[PDB]
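Colleague: So that you have it, the file is work-v6.pdb, and it contains PDB, C-alpha atoms:
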ATOM      1  CA  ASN A 248      10.647 -11.588  -4.278
ATOM      2  CA  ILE A 249       8.859 -11.836  -0.911
ATOM      3  CA  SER A 250       9.453 -15.240   0.673
ATOM      4  CA  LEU A 251       6.967 -17.659   2.250
ATOM      5  CA  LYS A 252       7.425 -21.102   3.799
ATOM      6  CA  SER A 253       5.427 -24.062   2.469
ATOM      7  CA  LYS A 254       4.850 -26.552   5.282
ATOM      8  CA  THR A 255       3.724 -29.345   2.949
ATOM      9  CA  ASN A 256       7.282 -29.681   1.621
ATOM     10  CA  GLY A 257       8.953 -27.306   4.089
ATOM     11  CA  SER A 258      10.306 -25.241   1.197
ATOM     12  CA  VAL A 259      10.989 -21.580   0.468
ATOM     13  CA  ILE A 260       8.430 -20.258  -2.032
ATOM     14  CA  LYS A 261       8.495 -16.872  -3.714
ATOM     15  CA  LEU A 262       5.284 -14.849  -3.720
ATOM     16  CA  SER A 263       5.264 -14.593  -7.520
ATOM     17  CA  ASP A 264       4.536 -18.325  -7.723
ATOM     18  CA  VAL A 265       1.349 -18.131  -5.639
ATOM     19  CA  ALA A 266       0.134 -14.745  -6.931
ATOM     20  CA  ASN A 267       0.536 -12.126  -9.653
ATOM     21  CA  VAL A 268       1.910  -8.820  -8.351
ATOM     22  CA  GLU A 269       0.994  -5.833 -10.518
ATOM     23  CA  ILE A 270       0.941  -2.043 -10.318
ATOM     24  CA  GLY A 271      -2.801  -1.553 -10.731
ATOM     25  CA  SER A 272      -5.434   0.908  -9.517
ATOM     26  CA  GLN A 273      -6.368   1.424  -5.881
ATOM     27  CA  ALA A 274     -10.082   1.114  -6.691
ATOM     28  CA  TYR A 275     -12.195   0.165  -9.723
ATOM     29  CA  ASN A 276     -15.414   2.185  -9.485
ATOM     30  CA  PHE A 277     -15.448   4.763 -12.305
ATOM     31  CA  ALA A 278     -14.632   5.076 -15.993
ATOM     32  CA  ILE A 279     -14.676   8.033 -18.383
ATOM     33  CA  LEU A 280     -15.356   8.272 -22.124
ATOM     34  CA  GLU A 281     -14.510  11.735 -23.442
ATOM     35  CA  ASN A 282     -15.861  11.266 -26.976
ATOM     36  CA  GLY A 283     -15.987   7.469 -27.058
ATOM     37  CA  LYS A 284     -12.250   7.223 -26.298
ATOM     38  CA  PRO A 285     -11.550   6.140 -22.692
ATOM     39  CA  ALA A 286      -9.892   8.829 -20.584
ATOM     40  CA  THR A 287      -9.790  10.228 -17.048
ATOM     41  CA  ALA A 288     -11.610  13.233 -15.628
ATOM     42  CA  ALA A 289     -12.141  15.157 -12.408
ATOM     43  CA  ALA A 290     -15.220  17.183 -11.492
ATOM     44  CA  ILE A 291     -14.900  20.545  -9.746
ATOM     45  CA  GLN A 292     -17.748  21.474  -7.394
ATOM     46  CA  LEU A 293     -18.011  25.093  -6.284
ATOM     47  CA  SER A 294     -17.760  26.192  -2.670
ATOM     48  CA  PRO A 295     -20.931  27.706  -1.180
ATOM     49  CA  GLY A 296     -21.567  31.305  -2.168
TER
ATOM     50  CA  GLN B 691      20.694  25.561  -9.290
ATOM     51  CA  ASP B 692      24.463  25.391  -9.816
ATOM     52  CA  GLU B 693      24.083  26.565 -13.416
ATOM     53  CA  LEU B 694      21.858  29.444 -12.279
ATOM     54  CA  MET B 695      24.462  30.442  -9.692
ATOM     55  CA  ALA B 696      27.121  30.351 -12.416
ATOM     56  CA  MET B 697      25.026  32.688 -14.569
ATOM     57  CA  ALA B 698      24.277  35.013 -11.644
ATOM     58  CA  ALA B 699      27.965  35.281 -10.725
ATOM     59  CA  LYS B 700      28.686  37.143 -13.983
ATOM     60  CA  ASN B 701      25.431  39.092 -14.296
ATOM     61  CA  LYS B 702      26.384  42.527 -12.824
ATOM     62  CA  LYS B 703      22.688  43.392 -12.109
ATOM     63  CA  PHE B 704      22.871  41.481  -8.778
ATOM     64  CA  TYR B 705      25.264  42.547  -5.964
ATOM     65  CA  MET B 706      25.302  38.991  -4.490
ATOM     66  CA  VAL B 707      23.254  35.801  -5.208
ATOM     67  CA  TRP B 708      23.513  32.888  -2.771
ATOM     68  CA  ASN B 709      21.629  29.656  -2.095
ATOM     69  CA  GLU B 710      19.742  29.109   1.155
ATOM     70  CA  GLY B 711      20.031  25.545   2.403
ATOM     71  CA  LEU B 712      22.398  22.848   3.593
ATOM     72  CA  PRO B 713      25.191  21.261   1.536
ATOM     73  CA  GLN B 714      25.042  17.724   0.210
ATOM     74  CA  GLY B 715      26.928  15.138   2.220
ATOM     75  CA  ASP B 716      28.113  11.560   2.397
ATOM     76  CA  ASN B 717      25.605   8.857   3.318
ATOM     77  CA  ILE B 718      26.262   5.210   4.169
ATOM     78  CA  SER B 719      23.728   2.711   2.820
ATOM     79  CA  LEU B 720      23.450  -0.637   4.590
ATOM     80  CA  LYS B 721      22.028  -3.202   2.177
ATOM     81  CA  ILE B 722      20.311  -5.990   4.128
ATOM     82  CA  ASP B 723      20.404  -8.987   1.789
ATOM     83  CA  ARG B 724      16.935 -10.405   2.404
ATOM     84  CA  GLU B 725      17.524 -13.933   1.093
ATOM     85  CA  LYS B 726      20.672 -14.202   3.219
ATOM     86  CA  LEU B 727      18.600 -13.111   6.220
ATOM     87  CA  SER B 728      15.997 -15.753   5.354
ATOM     88  CA  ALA B 729      18.773 -18.356   5.270
ATOM     89  CA  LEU B 730      19.307 -17.569   8.966
ATOM     90  CA  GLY B 731      15.571 -17.774   9.692
ATOM     91  CA  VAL B 732      15.518 -14.196  11.014
ATOM     92  CA  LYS B 733      12.401 -12.103  10.489
ATOM     93  CA  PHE B 734      13.078  -8.834   8.685
ATOM     94  CA  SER B 735      10.851  -7.178  11.285
ATOM     95  CA  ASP B 736      13.352  -8.235  13.953
ATOM     96  CA  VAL B 737      16.258  -6.667  12.054
ATOM     97  CA  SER B 738      14.259  -3.478  11.520
ATOM     98  CA  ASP B 739      13.398  -3.364  15.227
ATOM     99  CA  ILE B 740      17.003  -3.805  16.373
TER
ATOM    100  CA  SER C 199      -8.293 -15.338  32.523
ATOM    101  CA  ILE C 200     -10.312 -12.191  31.825
ATOM    102  CA  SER C 201      -8.368 -11.646  28.592
ATOM    103  CA  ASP C 202      -9.518 -14.986  27.161
ATOM    104  CA  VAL C 203     -13.215 -14.065  27.318
ATOM    105  CA  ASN C 204     -12.521 -10.751  25.585
ATOM    106  CA  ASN C 205     -10.480 -12.463  22.867
ATOM    107  CA  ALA C 206     -13.141 -15.131  22.317
ATOM    108  CA  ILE C 207     -15.852 -12.477  22.026
ATOM    109  CA  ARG C 208     -13.766 -10.545  19.494
ATOM    110  CA  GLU C 209     -13.081 -13.676  17.438
ATOM    111  CA  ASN C 210     -16.644 -15.016  17.395
ATOM    112  CA  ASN C 211     -18.389 -11.621  17.232
ATOM    113  CA  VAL C 212     -16.548 -10.367  14.142
ATOM    114  CA  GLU C 213     -18.058  -8.282  11.350
ATOM    115  CA  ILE C 214     -17.327  -9.982   8.033
ATOM    116  CA  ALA C 215     -16.668  -7.843   4.946
ATOM    117  CA  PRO C 216     -17.915  -9.889   1.981
ATOM    118  CA  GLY C 217     -17.232  -8.553  -1.491
ATOM    119  CA  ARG C 218     -19.266  -8.995  -4.666
ATOM    120  CA  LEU C 219     -19.330 -11.449  -7.547
ATOM    121  CA  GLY C 220     -18.141  -9.950 -10.809
ATOM    122  CA  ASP C 221     -16.462  -7.068  -8.978
ATOM    123  CA  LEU C 222     -14.046  -4.978 -11.012
ATOM    124  CA  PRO C 223     -11.540  -5.988 -12.215
ATOM    125  CA  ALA C 224     -13.852  -8.579 -13.786
ATOM    126  CA  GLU C 225     -13.439 -11.161 -16.524
ATOM    127  CA  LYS C 226     -14.875 -10.619 -19.988
ATOM    128  CA  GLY C 227     -18.316 -11.931 -20.898
ATOM    129  CA  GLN C 228     -20.002 -11.763 -17.490
ATOM    130  CA  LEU C 229     -23.596 -10.527 -17.285
ATOM    131  CA  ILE C 230     -24.489 -11.004 -13.589
ATOM    132  CA  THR C 231     -23.022  -9.242 -10.555
ATOM    133  CA  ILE C 232     -24.619 -10.114  -7.209
ATOM    134  CA  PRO C 233     -23.782  -8.722  -3.742
ATOM    135  CA  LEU C 234     -22.596 -11.252  -1.164
ATOM    136  CA  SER C 235     -23.534 -10.969   2.513
ATOM    137  CA  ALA C 236     -22.342 -12.776   5.631
ATOM    138  CA  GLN C 237     -23.053 -11.988   9.286
ATOM    139  CA  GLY C 238     -20.450 -12.864  11.906
ATOM    140  CA  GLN C 239     -22.133 -10.849  14.681
ATOM    141  CA  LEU C 240     -24.125 -12.585  17.422
ATOM    142  CA  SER C 241     -27.569 -11.119  18.130
ATOM    143  CA  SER C 242     -29.185 -13.470  20.679
ATOM    144  CA  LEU C 243     -28.402 -14.572  24.222
ATOM    145  CA  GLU C 244     -28.187 -18.253  23.199
ATOM    146  CA  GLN C 245     -25.612 -17.320  20.526
ATOM    147  CA  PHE C 246     -23.435 -15.455  23.039
ATOM    148  CA  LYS C 247     -23.719 -18.247  25.624
TER
END
What's the structure tokens form of this structure?
Modeller:
Amino acid sequence: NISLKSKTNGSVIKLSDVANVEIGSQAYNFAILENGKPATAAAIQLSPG
Amino acid sequence: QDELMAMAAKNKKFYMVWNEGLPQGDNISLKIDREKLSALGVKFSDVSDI
Amino acid sequence: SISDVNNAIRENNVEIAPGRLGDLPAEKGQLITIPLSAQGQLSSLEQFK
């Protein structure tokens, strides 16, 4: 529902018209397949000694 | 927490059981209608600042 | 004024942050992803002048 102003027609335009707003992921860099089924994982790395 | 206090009141194995904290209170919510603000041509940042 | 020169230097000497073609999220069927580079930093006296 954020509002912008279009100078071409001088009209109020909602953001949804000029973009798709979605709850997505912050970054797209990794993917995980546990046994062929996509999943998520985290790797623990031991502290020294 | 209230239910646990109710149970503890009638337990007899505890001399006294109280809750540490502040009580809930009344709060007033001001609902800035954003489209009405836009009708006046007033930036929401200005309202937030004031 | 002395602020104008600073502002002009900041505007002209600006480090661009180009992305990458076929960067996730990416459309189905693509086979090529290529880095994109662009340099907005001036490196020679004639460029600064």
Colleague: Any idea what the distance is between CA of residue 738 (chain B) and CA of residue 719 (chain B)?
Modeller: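 Atom-to-atom, CA of residue 738 (chain B) and CA of residue 719 (chain B) are spaced 14.3 Å apart.
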Colleague: Once the ChimeraX specification (/A :<9) & /B has been evaluated on this model, what residues remain selected, and can you format them as JSON, numbers by chain?
Modeller: {"B": [724, 725, 728]}
Colleague: Determine the residue set returned by the PyMOL selection byres ((chain C and resi 219) around 7) for the present structure, and present it as a short mmCIF file (atom, residue, chain, number, x, y, z; two decimals) with C-alpha atoms, in the frame of the given file.
Modeller:
data_model
loop_
_atom_site.label_atom_id
_atom_site.label_comp_id
_atom_site.auth_asym_id
_atom_site.auth_seq_id
_atom_site.Cartn_x
_atom_site.Cartn_y
_atom_site.Cartn_z
CA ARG C 218 -19.27 -8.99 -4.67
CA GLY C 220 -18.14 -9.95 -10.81
CA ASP C 221 -16.46 -7.07 -8.98
CA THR C 231 -23.02 -9.24 -10.56
CA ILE C 232 -24.62 -10.11 -7.21
CA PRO C 233 -23.78 -8.72 -3.74
#
Colleague: Interatomic distance between CA of residue 247 (chain C) and CA of residue 214 (chain C)?
Modeller: 20.5 Å
Colleague: I need the residue set behind the PyMOL selection byres ((chain C) within 10 of (chain A)) for this file; please write it as a PyMOL selection string.
Modeller: chain C and resi 221-224
Colleague: To one decimal place, how far is CA of residue 252 (chain A) from CA of residue 726 (chain B) in Å?
Modeller: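 Separation of CA of residue 252 (chain A) and CA of residue 726 (chain B): 14.9 Å.
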Colleague: I'd like the box whose edges run along x, y and z of the file and which contains every listed atom of region 225-244 of chain C, padded by 6 Å per side; could you state its centre and edge lengths in Å, one decimal, as AutoDock Vina command-line options?
Modeller:
--center_x -21.3 --center_y -13.5 --center_z 1.7 --size_x 27.7 --size_y 21.5 --size_z 57.1
Colleague: Quick one: residues within 10 Å of residue 238 (chain C), all atoms listed in the file, excluding same-chain residues fewer than 6 positions away - as a list in words?
Modeller: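 Residues near the query, excluding close chain neighbours: residues 209, 210, 211, 212, 213, 214 and 215 of chain C.
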